[PDB]
Amino acid sequence: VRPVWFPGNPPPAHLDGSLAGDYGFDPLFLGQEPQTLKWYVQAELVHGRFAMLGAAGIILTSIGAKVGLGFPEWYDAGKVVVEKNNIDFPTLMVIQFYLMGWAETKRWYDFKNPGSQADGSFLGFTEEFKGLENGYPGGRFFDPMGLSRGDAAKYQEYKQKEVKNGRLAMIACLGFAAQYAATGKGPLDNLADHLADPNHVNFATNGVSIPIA
Amino acid sequence: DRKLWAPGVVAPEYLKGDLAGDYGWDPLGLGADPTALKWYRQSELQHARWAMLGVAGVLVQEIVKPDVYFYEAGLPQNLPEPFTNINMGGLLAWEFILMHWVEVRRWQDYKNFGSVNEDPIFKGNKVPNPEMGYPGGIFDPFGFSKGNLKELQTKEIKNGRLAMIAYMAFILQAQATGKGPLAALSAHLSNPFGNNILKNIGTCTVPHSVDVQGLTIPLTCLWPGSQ
Amino acid sequence: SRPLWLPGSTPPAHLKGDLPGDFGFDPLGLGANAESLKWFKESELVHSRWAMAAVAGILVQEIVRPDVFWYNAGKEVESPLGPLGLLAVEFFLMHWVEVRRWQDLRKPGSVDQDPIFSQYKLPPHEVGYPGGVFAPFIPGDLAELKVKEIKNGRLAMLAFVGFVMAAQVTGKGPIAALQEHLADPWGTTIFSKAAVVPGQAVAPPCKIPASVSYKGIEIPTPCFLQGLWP
Ligand code: CHL
Ligand code: CLA
Ligand code: CLA
Ligand code: CLA
Ligand SMILES: CC(/C=C/C=C(C)/C=C/[C@@]12O[C@]1(C)C[C@@H](O)CC2(C)C)=C\C=C\C=C(C)\C=C\C=C(C)\C=C\[C@@]12O[C@]1(C)C[C@@H](O)CC2(C)C
Ligand SMILES: CC(/C=C/C=C(C)/C=C/[C@@]12O[C@]1(C)C[C@@H](O)CC2(C)C)=C\C=C\C=C(C)\C=C\C=C(C)\C=C\[C@@]12O[C@]1(C)C[C@@H](O)CC2(C)C
């Protein structure tokens with residue numbers, strides 16, 4: 001009864017519509033096993049939330065570069081930051097995996113053993129690391145405003161928004177990479193060029209996407 | 001028993017003649033949802049009433065000031081003497097503020113019918129608002145609504161639908177020929193066979209953009225006419 | 001039953017008119033959680049009371065000292081106490097005042113006693129409204145006065161934001177900026193100096209220097225979210 005990605009086709013048995021963003025899309029049956037699906041649900045949310053941060057960061061800095069505030073392009077930012085600020089790349093890389101390793105490992109072992117991180121072993125904190133649902137930590141640290149601790153109906157609506165905006169951001173980040181490879185320019189240079197002449201400046205005329213053209 | 005848009009057709013089960021100007025016409029079935037029909041009826045009234053003002057404005061303005069091309073009347077240099085070369089940004093500020101108020105007031109009436117009938121400052125002033133889209137009261141000072149309202153609503157929607165088609169005829173005629181509705185009529189009468197759509201449809205007389213006090217505004221015809 | 005921010009609308013369930021200034025406005029549902037609302041209620045009063053004093057302070061400075069721009073008052077002010085002497089006093093005095101206010105919020109009634117003089121104590125009170133020595137004079141009904149405080153407070157919070165963005169866009173104080181509007185109202189609004197259309201975006205230039213030199217150091221002074229300006 002619920003809308004599906006391919007109208008007319010029944011949804012698969014293992015997608016029962018409870019999860020956020022459930023449109024019955026799993027043509028390769030990758031999440032058929034329930035234990036695999038829980039792992040994939042968290043994988044989609046981690047990917048989506050990183051993509052949303054990346055899309056917003058790329059967009060903001062691209063605007064700054066466009067209006068001449070001196071920001072580099074996202075594909076040049078890495079070089080400019082280390083050279084301008086005299087930062088050792090390997091040292092920054094090691095710190096990143098220490099901090100991400102700690103946060104990721106604790107997340108990893110909450111999936112393997114829910115609520116196991118709330119025993120007080122980490123500096124005595126108990127409730128903030130209990131977790132609420134698979135992929136939805138909650139609590140005072142991860143949900144300081146308690147928007148998951150108010151109206152239940154409102155909370156479910158936010159889950160639908162989060163995953164949909166997350167999927168859109170993942171597609172957008174794929175677009176940034178593909179557009180940079182095809183055009184060699186920044187995302188808003190591409191947008192500006194399209195707006196100037198939409199009929200003649202698009203992927204069909206970039207000389208790469210349609211090689212036979 | 002009412003006449004329908006075509007002979008031998010059957011009106012949709014949800015079009016029973018309750019609304020004015022009901023010919024049972026809905027090829028795309030957009031009005032099958034009862035909630036959508038109410039919203040689409042409001043937008044039809046807005047298009048009908050704004051279109052009638054548009055046709056009257058273009059026709060009256062062309063008679064009063066034949067030298068002014070209605071298509072370009074929006075440029076600040078073409079404004080009347082008191083407002084000539086007025087800051088278009090400041091002009092837009094008034095329109096945004098005032099239209100946002102009246103449109104949200106009208107919008108809240110759709111959301112909760114009968115909830116914004118009263119003056120928010122001077123309590124006691126109210127509009128009857130018998131039906132959604134028909135405020136009445138201060139909006140009907142001459143009291144014509146105190147009569148055959150259903151007949152008047154039929155007349156309003158019939159003239160409104162005709163004006164909607166009429167105005168888009170003005171826009172397309174302006175783009176194709178670069179003349180106002182009355183100027184276009186005169187051109188046809190003088191040379192009916194040498195001046196008609198068969199020859200003008202291939203030409204779009206609108207520039208690709210115009211400069212308005214330093215801001216470049218993109219322009220477009222409604223079809224890929226030959227610039 | 002009560003006037004609403006949007007007349008004809010239905011307020012959210014978690015808002016019932018108990019709080020002063022409750023006009024049923026919480027579109028995002030930030031105050032649904034009871035514990036969050038207690039913290040947010042305290043925060044709104046503090047923001048409003050700071051903003052009211054700041055807006056009144058800025059206006060009086062301009063009248064009394066029209067030659068000094070309030071946005072520049074940080075660097076133009078010279079006193080014997082110096083920069084770090086003033087900051088040190090401010091830090092300790094504010095740390096004491098804020099921790100005591102904070103403790104009342106966590107555990108109401110626990111900081112009503114005067115630490116030094118044992119005979120002075122605040123009478124029992126609601127959180128955010130410490131009576132006693134803080135309220136020697138109450139002109140009228142508290143319920144009505146609480147509404148007046150929050151309504152003037154919410155207006156002063158917006159006024160300060162108006163001062164900041166006007167200063168960065170015009171480089172003038174609130175009164176000087178107003179007189180500019182009155183001279184040419186049709187050519188001084190934000191619409192009159194900015195516009196974005198498909199293919200072209202025009203924004204005003206930031207009228208604040210990118211940096212300030214102050215006693216041998218350079219203080220960055222960036223405009224607020226300039227890249228996002230209309
Ligand atoms: C409510 C607080 C407050 C606000 C809103 C401002 C606002 C302003 N000050 Mg002012 N100041 C404030 C407090 C103070 N200022 C100064 C001293 C100065 C100087 C010397 C200068 C300004 C300047 C400015 C302007 C631009 C600053 C900027 O962009 O910096 C960008 C941001 C930074 C440089 C750092 C930001 C720090 C961070 C936001 C907060 C840090 C909090 C502390 C760690 C907390 C601990 C300390 C204690 C005391 C609370 C702007 C109008 C400059 C000006 O006039 O430009 C034209 C200028 O030169 N201020 C003192 C010392 C008495 C303050 C004490 O509270
Ligand atoms: C890595 C990101 C990722 C992951 C792990 C998932 C995971 C999931 N998605 Mg999601 N999805 C994603 C990205 C992702 N999605 C994106 C970007 C979109 C937008 C196009 C969607 C749109 C979408 C819909 C509409 C639905 C799901 C659903 C699901 C669930 C069931 C299907 C499944 O088991 O897939 C497991 C997936 C993987 C193990 C990833 C395999 C990746 C391979 C190796 C590469 C694929 C490359 C790809 C074809 C390139 C596309 C290019 C093109 C865009 C030009 C599951 C939790 C269904 C659901 O019920 O959700 C609640 C559902 O209805 N997803
Ligand atoms: C199937 C219908 C069809 C299609 C796909 C095209 C396609 C094209 N026409 Mg042609 N054209 C047609 C029918 C059609 N035409 C007819 C019937 C006439 C006579 C009225 C013309 C007269 C005409 C001219 C004068 C020019 C073109 C040109 C063009 C180009 C588009 C730009 C333009 O100015 O269009 C303008 C044309 C139209 C908007 C015609 C729309 C016809 C619709 C789609 C079909 C239904 C029409 C209907 C029966 C009413 C006809 C009029 C009525 C009074 C009898 C393009 C190659 C231009 C070009 O590039 O020339 C080199 C150009 O200058 N066409
Ligand atoms: C948010 C509060 C605030 C802040 C941070 C400032 C900051 C400043 N003011 Mg402003 N001012 C404020 C409120 C504020 N004012 C208010 C409410 C008024 C109206 C009475 C004024 C009237 C005013 C004038 C007339 C002048 C300033 C000036 C100044 C500057 C120099 C201050 C100085 O020399 O102090 C020196 C301090 C003293 C000699 C002792 C002051 C002791 C006071 C009276 C105690 C107040 C206690 C009270 C309970 C605090 C409540 C704080 C808060 C909760 C509201 C400085 C930038 C001067 C300026 O512009 O210089 C360039 C200036 O001429 N202010
Ligand atoms: C597209 C994508 C995944 C798409 C997956 C698809 C379609 C899967 C489809 C299916 O599997 C299903 C569902 C079900 C199966 O039955 C069928 C198939 C068909 C197999 C992921 C993107 C995932 C994208 C992600 C995570 C992007 C992250 C980006 C980040 C962190 C960027 C960071 C920075 O950009 C900043 C901010 C500033 C710069 O200067 C520096 C850097 C570092 C570059
Ligand atoms: C509002 C409107 C016009 C408004 C014009 C105005 C204000 C003009 C103002 C000015 O000109 C002046 C006075 C003077 C100028 O100097 C300046 C401007 C500013 C230019 C027209 C709408 C015009 C609207 C039109 C033509 C709409 C037509 C819709 C149709 C035919 C729909 C049909 C169907 O939807 C049904 C009903 C049922 C479905 O099942 C099937 C289908 C077929 C989809």
Side-chain angles (χ1 to χ4, degrees), chain A residues 2-7 9-65 71-82 89 92-93 96 100 133-136 159-160 162-182 186-187 199 203 209, chain B residues 169 172-173 175-177 188 192-193 195-206 221-227:
Chain A
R2 54 170 161 89
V4 291
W5 72 280
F6 194 162
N9 280 335
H14 64 277
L15 303 179
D16 67 336
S18 62
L19 292 168
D22 191 322
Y23 295 101
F25 177 75
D26 192 7
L28 294 186
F29 289 85
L30 305 186
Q32 196 171 20
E33 305 180 49
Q35 268 301 305
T36 314
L37 181 60
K38 289 197 73 173
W39 182 251
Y40 287 164
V41 166
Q42 202 167 134
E44 190 185 37
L45 287 170
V46 174
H47 273 82
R49 288 161 182 163
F50 267 121
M52 278 187 291
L53 295 180
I58 285 175
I59 285 171
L60 177 59
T61 59
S62 291
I63 291 173
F71 289 79
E73 297 293 349
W74 68 267
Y75 49 82
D76 290 334
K79 181 173 184 175
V80 176
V81 172
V82 296
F89 169 79
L92 190 73
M93 187 76 277
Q96 171 169 320
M100 283 297 294
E133 307 175 359
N134 178 71
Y136 297 92
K159 297 175 76 182
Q160 188 73 0
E162 183 186 35
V163 76
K164 287 219 281 183
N165 280 268
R167 283 164 187 168
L168 182 63
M170 278 191 283
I171 297 297
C173 290
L174 178 62
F176 295 142
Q179 289 173 209
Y180 172 50
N199 311 330
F203 85 92
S209 305
Chain B
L172 214 76
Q173 286 171 195
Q175 292 174 349
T177 66
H188 178 60
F193 291 97
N195 204 336
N196 54 23
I197 189 173
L198 301 182
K199 299 292 180 183
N200 306 324
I201 191 60
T203 298
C204 162
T205 64
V206 180
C221 279
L222 285 174
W223 79 104
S226 307
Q227 189 62 235

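Indexing begins at 1, ligand by ligand and atom by atom, following the structure's order. Letters go in sequence order (proteins before strands), and every chain restarts at 1.
- With distances taken over non-hydrogen atoms, the option nearest atom 25 (C) of ligand 2 out of A/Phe6, A/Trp39, A/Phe25, A/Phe29 is A/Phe25.
- Looking at A/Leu174 against ligand 2, only its side chain comes within 4.0 Å, counting heavy atoms.
- For atom 43 (C) of ligand 5, the nearest protein heavy atom lies 4.0 Å or farther away.
- Distances from atom 11 (N) of ligand 3 to the protein include no heavy-atom value under 4.0 Å.
- Aromatic ring orientation, A/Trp74 versus A/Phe176: tilted (interplanar angle from 30° to 60°).
- The single protein non-hydrogen atom nearest to atom 60 (O) of ligand 3 is B/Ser226 OG, 4.3 Å, given as residue, atom name and distance.
- Only the side chain of A/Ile171 comes within contact range of ligand 2, with a heavy atom under 4.0 Å; no backbone atom does.
- Remark: minimum distance from atom 15 (C) of ligand 5 to any protein heavy atom is reached at A/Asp26 OD1, 3.5 Å.
- The protein reaches atom 13 (C) of ligand 5 closely, with a heavy atom under 4.0 angstrom from it.
- Comparing A/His14, A/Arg167, A/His47, A/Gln32 by heavy-atom distance to atom 19 (C) of ligand 2, the nearest is A/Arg167.
- Heavy atoms of A/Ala20 come nearer than 4.0 angstrom to ligand 2 in at least one pair.
- Classification of the A/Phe25-A/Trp5 ring pair by plane angle, with boundaries at 30° and 60°, yields perpendicular.
- With a heavy-atom cut-off of 4.0 Å, A/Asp22 touches ligand 2 through backbone and side chain alike.
- Contact annotation for atom 32 (C) of ligand 3: protein present (non-hydrogen atoms, distance under 4.0 Å).
- Distances from atom 39 (C) of ligand 5 to the protein include at least one heavy-atom value under 4.0 Å.
- At least one heavy atom of A/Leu30 sits less than 4.0 Å from an atom of ligand 5.
- Within a 4.0 Å radius of atom 7 (C) of ligand 5, the protein has no heavy atom.
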